[PDB]
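A quick write-up on the structure given underneath.
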Amino acid sequence: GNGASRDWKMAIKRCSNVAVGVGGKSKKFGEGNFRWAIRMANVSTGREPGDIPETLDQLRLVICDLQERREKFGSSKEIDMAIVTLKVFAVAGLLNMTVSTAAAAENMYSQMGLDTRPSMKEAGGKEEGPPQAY
């Protein structure tokens with residue numbers, strides 16, 4: 001539109017203020033994590049320079065296909081992390097709404113009607129930490 005990659009550099013600057021975990025809140029993502037997942041996905045689902053999402057609809061399908069194909073091949077921290085970045089980046093970027101945590105981003109994304117696998121309990125846990133000296 002008006003510039004080169006302003007909308008992009010912006011969506012990233014904001015996403016950088018996003019947390020990875022939910023029961024910790026400390027470590028945040030970065031342009032490297034986002035570009036990593038996106039780029040990798042663009043290849044497996046494109047294999048070319050001019051093969052990136054331009055509309056919320058286009059990106060929406062890319063994600064569903066990314067997690068779909070990847071899932072069939074198997075699960076992995078790299079895969080799960082990839083999908084997470086796509087979500088947080090989509091909301092914190094397209095919606096310019098820098099969520100609080102990775103889960104929160106993917107939550108509103110699916111709850112909004114962008115995903116195809118709505119869940120109530122993704123990750124959590126109670127009573128954690130080392131043992132006590134009694």
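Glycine also receives a Cβ, built like all others from the backbone with ideal geometry; neighbour counts cover every protein chain displayed. Please treat every number below as a calculation from the coordinates, not as lab data.
Inside the range 52-65, can you point out the residues that are touching a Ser or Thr at 6+ places or on another chain (Cβ under 9 Å) and closer than 18 Å to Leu94 by Cα?
Hits for the range 52-65 are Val62, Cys64.
Only one of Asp57, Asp80, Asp7 is in a helix (DSSP H, G or I), charged (D, E, K, R) and within 30 Å of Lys126 (Cβ to Cβ). Can you tell me which? Step through it out loud before you land on a result.
Numbers: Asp57 fails: within 30 Å of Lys126 (Cβ to Cβ); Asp7 fails: within 30 Å of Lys126 (Cβ to Cβ).
After ruling out the rest, the residue left standing is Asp80.
For the range 59-108, give me the residue count where each residue is more than 19 Å from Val22 (Cβ to Cβ) and hydroxyl-bearing (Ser, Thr, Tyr).
2
Could you list, in sequence order, the residues of the range 17-39 that are within 14 Å of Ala102 (Cβ to Cβ) and touching a residue at least 24 places away in the same chain (Cβ under 8 Å)?
Matches in the range 17-39: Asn17, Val18, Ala19, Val20, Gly21, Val22, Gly23, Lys25, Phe29, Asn33, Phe34, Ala37.
From the list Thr116, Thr98, which residue is hydroxyl-bearing (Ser, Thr, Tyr) and closer than 19 Å to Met10 by Cβ?
Of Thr116, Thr98, the one residue that is hydroxyl-bearing (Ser, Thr, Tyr) and closer than 19 Å to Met10 by Cβ is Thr98.
When you check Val91 against the structure, is it buried (at least 20 other Cβ atoms within 10 Å of the Cβ), hydrophobic (A, V, I, L, M, F, W, C) and under 20 Å from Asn107 (Cα atoms), yes or no?
Considered against the rule, which asks whether it is buried (at least 20 other Cβ atoms within 10 Å of the Cβ), hydrophobic (A, V, I, L, M, F, W, C) and under 20 Å from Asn107 (Cα atoms), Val91 comes out as yes.
Answer yes or no as to whether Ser5 is among the hydroxyl-bearing types (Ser, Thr, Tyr) and surrounded by fewer than 11 Cβ atoms within 10 Å (Cβ to Cβ).
yes
So, in the range 85-134, how many residues would count as being in a helix (DSSP H, G or I), closer than 13 Å to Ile63 by Cα and touching a residue at least 40 places away in the same chain (Cβ under 8 Å)?
4
Go through the range 64-86 and count every residue that is of a type outside the set (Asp, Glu) and either under 20 Å from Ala104 (Cα atoms) or crowded, with 18+ Cβ neighbours inside 10 Å (or both).
Counting residues in the range 64-86 that are of a type outside the set (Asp, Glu) and either under 20 Å from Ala104 (Cα atoms) or crowded, with 18+ Cβ neighbours inside 10 Å (or both) gives 12.
So which residues in the range 95-118 are touching a helix residue (DSSP H, G or I) at 6+ places or on another chain (Cβ under 8 Å), surrounded by fewer than 17 Cβ atoms within 10 Å (Cβ to Cβ) and either of a type in the set (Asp, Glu) or farther than 15 Å from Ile83 by Cα (or both)?
Once the filter is applied, which keeps residues that are touching a helix residue (DSSP H, G or I) at 6+ places or on another chain (Cβ under 8 Å), surrounded by fewer than 17 Cβ atoms within 10 Å (Cβ to Cβ) and either of a type in the set (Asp, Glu) or farther than 15 Å from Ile83 by Cα (or both), the range 95-118 yields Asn96, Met97.
Which members of the range 17-38 meet the condition of being part of a loop (DSSP other than H, G, I, E, B) and either of a type in the set (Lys, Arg) or in contact with a helix residue (DSSP H, G or I) (Cβ under 7 Å, 6 or more places away or on another chain) (or both)?
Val18, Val20, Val22, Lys25, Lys27, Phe29
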